[PDB]
Amino acid sequence: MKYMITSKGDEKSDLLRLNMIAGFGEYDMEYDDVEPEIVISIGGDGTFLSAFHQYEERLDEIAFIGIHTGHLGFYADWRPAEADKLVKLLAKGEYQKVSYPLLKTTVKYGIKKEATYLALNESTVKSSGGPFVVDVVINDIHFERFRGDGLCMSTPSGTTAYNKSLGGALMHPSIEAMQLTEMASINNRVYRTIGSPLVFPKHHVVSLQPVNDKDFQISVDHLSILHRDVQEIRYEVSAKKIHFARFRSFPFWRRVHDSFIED
Amino acid sequence: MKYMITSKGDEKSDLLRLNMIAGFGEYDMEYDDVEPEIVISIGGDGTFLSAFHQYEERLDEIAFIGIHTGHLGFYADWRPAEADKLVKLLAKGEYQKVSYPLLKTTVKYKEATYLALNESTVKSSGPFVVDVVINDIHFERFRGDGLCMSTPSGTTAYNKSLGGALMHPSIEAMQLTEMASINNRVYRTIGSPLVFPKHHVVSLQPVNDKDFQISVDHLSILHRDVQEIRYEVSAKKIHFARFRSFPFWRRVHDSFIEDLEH
Amino acid sequence: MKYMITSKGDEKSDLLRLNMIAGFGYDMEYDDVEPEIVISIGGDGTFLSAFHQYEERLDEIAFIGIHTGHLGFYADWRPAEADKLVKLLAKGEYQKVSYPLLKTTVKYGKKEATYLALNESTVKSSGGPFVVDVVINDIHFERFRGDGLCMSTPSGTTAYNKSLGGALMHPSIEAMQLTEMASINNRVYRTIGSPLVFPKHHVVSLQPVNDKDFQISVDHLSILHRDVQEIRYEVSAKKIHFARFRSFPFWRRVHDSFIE
Amino acid sequence: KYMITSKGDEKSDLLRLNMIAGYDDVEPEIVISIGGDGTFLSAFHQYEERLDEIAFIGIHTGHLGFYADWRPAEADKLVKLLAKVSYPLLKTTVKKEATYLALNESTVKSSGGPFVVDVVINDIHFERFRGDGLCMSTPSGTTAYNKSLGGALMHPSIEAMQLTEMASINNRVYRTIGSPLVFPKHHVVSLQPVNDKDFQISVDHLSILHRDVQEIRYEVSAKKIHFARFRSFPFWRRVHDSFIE
Ligand SMILES: C#Cc1cccc(CCNC(=O)CSc2nc3c(N)ncnc3n2[C@@H]2O[C@H](CN=[N+]=[N-])[C@@H](O)[C@H]2O)c1
Ligand SMILES: C#Cc1cccc(CCNC(=O)CSc2nc3c(N)ncnc3n2[C@@H]2O[C@H](CN=[N+]=[N-])[C@@H](O)[C@H]2O)c1
Ligand SMILES: C#Cc1cccc(CCNC(=O)CSc2nc3c(N)ncnc3n2[C@@H]2O[C@H](CN=[N+]=[N-])[C@@H](O)[C@H]2O)c1
Ligand SMILES: C#Cc1cccc(CCNC(=O)CSc2nc3c(N)ncnc3n2[C@@H]2O[C@H](CN=[N+]=[N-])[C@@H](O)[C@H]2O)c1
């Protein structure tokens, strides 16, 4: 079927790419980077993030596959020296499809219109100059007034990323939820924050509303653009999910174990 | 229908209790402390925990309701000066039923199963050294005070104090947090709290010591000659009686951030 | 004597400024070149500016902070006490409390640039990952990877340091505290995790790994330093002087900020 | 005028006799601890009144400790060299006043249910605590229980003490600081009960049950522990080799 492959940039990844495209020529595999059904990322998790946003409009018809040319990643689980068996399994169509939840980021302005974003790892909101002060509104109800560096809403699969370094909890990707973590909160008598990471289920909306400043630095999967005149930033579990092609069994907790503890 | 009421022990809880039994005599409510359908807890969260474990065998037919005589609790959501409206609403039978997930604690050596509403902790008796096994696979070797497996509703309890995350009770999962773990060259732990979904089993296995103190929601028992302590999301769920809308996040807000109208 | 006053920018600070400057019209001469008493009106951020404005003549200046807004750790005196301050600052009836400072030294591939910190000095990246080697007293300690590192002053512990999970140190202690900023604690970059408090004559040297362009921030100024070879941290011999009139305990000031 | 303390095992007892050949256990000037840090604490508490006249030396028969710095199979050179670094200590007073001396730290937890006290710093109320307990640590004891509780690691050349929280609920009624607190010399931290007055007071895990407690005072002790320095093992290296491998 219609597949494609993205490469990191180094010689090792570009070399492995051509050999797989060749391999896919021995079967009924058509190379198409416009309407693919299988997107293969070769490199790392950062490379995988690029391949995700490259096809965020066609997430429903694409099963992603990651290959790490360096160290083991949470999205790139396949070793380079396993690409032959990967090609054969991807030719017969002998694989199941596992789906991970995603984060929907909506930013509102002083109405130009509305900007929606999709996060695989997480979405963060910081300031653009001095202090970052917003009001956290959970389900149309005020929860706290934040003051610090920013806030980080993470995906279940993104919990092992920026979320963990910020003190967040590690959630299994089978759980459809989102986790909110604080970034250097001052937490005083005026700006009293919960401190603890917050895990929100489906259909729960976390609305960030400005206080004195409306210029924020919104980052989604490390794409960080400056949004001016912001009126509202909404977080919620997107109905859209990213699909993975499962062949073998690489448990999430083992992948966490092999990454943070020891391999 | 068949109801009952548990009391803390002080006069404030005991006085308010009788006043509800009286009010409920004006309706078709049969007072039964053996086989109730609606259990009312008066006191605090600790009192509510007692009401849960007192009738954990008949969770299937019981809708729990909590009343706090002191400060606002996460299970005791109803204020004393609202007890008048509760009997009226609970007599007509006009209420919805919200269910929260529970934690199943299994100990092996006679195998002992326990059910947790808040959380379950495992400590030593000197040093506490165990092996954390996730789904029949080794994850880490723990060394510290102990480990805490929490329920979503129990995240706002001991879990929060240990630096754990606050999880919404609509999520069927369980959270594992560390209790003062040492992180040196020999015992590298994950550090971060771990949230496990359903059908995921976290097994704690002893190393060079077999005497641990297992604690289950406001309890504490000494288990001797322990070979395995298994954790998993229980199939059993606790049922609450809903009349109005008191969001989970509001009870978190009113507890830790501020309560400006009180 | 030779004094001066800096203002935050809002109407409250400029109004309070003029009202105090008049008040002194005693043997008080307004001088912004060689002052002996610098009064900051606004907030802690305003006070930091007044510190860096006269970081060259720190031995002859006793600072006084007035907060027009919420209570600060440097601007501790309330506006409705500016009346008595003028009289007390006229007799010369005051004692002198000194707080430690942080010395930041940067080396290139050239010379070297030294900086003075009242709150703290942080070193982050300029784009992607921040990877450096933490060297304590010419000895390797760890290889860090995350957002950055924060070396704080005792008086600056109640600022960014606390938000990063750092410990609160009393300003009577001559030391410095190093805290981590979202460090990835994995198998390759194993960091200590816990904040590190270093005494006097102890040098913490941050040395680059693959990148040599860092965003070095001192207190309130954050500039981008290219071709960085070494960043050294140590407790500076220079100290900031305060004019103490009444008794406002440090822990009491911490209580009033975070607990009430 | 020296002496040697042993862990209890044969390996330590064997090494003990071999060093004795190379003695006063009433008026010693040089104390050698053979075993571990826990064993080292016993040798410390055994002579806390004459700490001013004793230079301590630790030898680990097991893993490397922060107090047991000397290797067992290199102890041969030690007798010749033994023929001065000072670390701060913690003073714990319980209210008739009962004084205690801590090398690592002194902790206070409950004895049944909740642990609720009022933290009073220099005769001034700071916060009302509610949780498992509180931990006041020495600079040298920061690498012990203090670190596990999320405390900061301070160098032993600093004369101070660090207070860390143990599972604080930290809510709107019991608002705690959260951050570890470092107090200098002549600073007194007074812990005062609310309802229950029976707590488990622990000094170097010498946990005794104190009934009818009215006040628990913490302050940097004037007495300091002395070590016999022969080589140079930096504190941060000792931290490095332990946690960073
Ligand atoms: C891995 C990595 C990485 C990549 C770039 C930059 C950094 C340090 C500065 N980080 C940022 O400015 C935000 S992104 C980030 N920070 C952190 C952080 N401190 N500890 C863990 N992981 C982080 N992420 C992950 O970086 C990823 C961006 N993609 N890449 N490479 C995001 O998706 C986050 O998951 C770390
Ligand atoms: C609140 C706030 C605030 C103020 C200015 C800027 C920001 C966003 C990012 N902050 C920084 O990059 C460092 S400055 C800073 N951030 C923080 C921080 N997130 N939480 C606490 N306190 C901070 N300081 C204190 O601000 C001082 C400088 N400006 N002021 N005031 C610095 O010394 C810090 O100690 C937040
Ligand atoms: C209530 C209570 C309570 C409060 C403070 C201290 C203690 C004794 C030290 N903690 C324990 O032994 C475990 S129970 C516990 N500790 C903690 C804790 N430190 N901070 C918050 N909440 C805790 N829980 C919660 O209390 C619940 C009620 N138990 N009681 N009493 C227990 O299920 C825990 O969820 C019990
Ligand atoms: C590993 C371990 C360990 C050691 C002792 C006890 C325990 C189980 C429950 N916790 C306690 O009993 C508290 S005593 C303690 N725990 C810890 C701790 N987790 N990590 C560092 N250090 C501690 N201290 C220190 O060790 C020394 C106690 N004796 N020993 N060994 C004392 O100085 C304490 O300050 C676990």
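Chain C is numbered as in Swiss-Prot, which gives 1-25, 27-110, 113-263 for the residues shown.
Method reported for this entry: X-ray crystallography, 2.6 Å.
Backbone N, Cα and C atoms are what each Cβ position is placed from, and that goes for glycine too.
Following the DSSP three-state reduction, the secondary structure of C:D45 (active site, proton acceptor) is helix. The annotation active site, proton acceptor is assigned in Swiss-Prot to C:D45 on the grounds of experimental evidence.
Counting only residues at least six positions away in the same chain, the Cβ atoms of C:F74, C:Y75, C:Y100, C:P101, C:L121, C:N122, C:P174 sit under 8 Å from the Cβ of C:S158 (NAD(+) binding site). According to Swiss-Prot, the feature NAD(+) binding site maps to C:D45, C:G46, C:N122, C:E123, C:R148, C:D150, C:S158, C:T161, C:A162, C:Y163, C:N164, C:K165, C:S166, C:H223.
Under the DSSP three-state reduction, C:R148 (NAD(+) binding site) is assigned to strand. Contact annotation for binding-site residues (C:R148, C:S158, C:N164) versus ligand 2: none, no CB falling under 6 Å from a ligand atom. Checked against C:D45 (active site, proton acceptor) by C-alpha proximity, the binding-site residues C:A162, C:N164, C:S166 yield C:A162 as the nearest. With 2 residues not built between them, C:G110 and C:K113 place their Cα atoms 6 angstrom from each other. The record assigns C:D45, C:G46, C:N122, C:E123, C:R148, C:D150, C:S158, C:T161, C:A162, C:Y163, C:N164, C:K165, C:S166, C:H223 to the NAD(+) binding site, and the maximum Cα to Cα distance across that set is 30 Å. Fewest other C-beta atoms within 10 angstroms, among the binding-site residues C:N122, C:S166, are seen around C:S166. In the three-state DSSP scheme, C:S158 (NAD(+) binding site) is classed as coil. Proximity to chain A (Cβ-Cβ distance under 8 Å) holds for the following binding-site residues out of C:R148, C:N164, C:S166: C:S166.
Classification of C:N122 (NAD(+) binding site) by DSSP places it in coil, neither helical nor stranded. Neighbour counts of Cβ atoms within 10 Å were taken for the recorded positions C:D45, C:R148, C:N164; the minimum is at C:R148.
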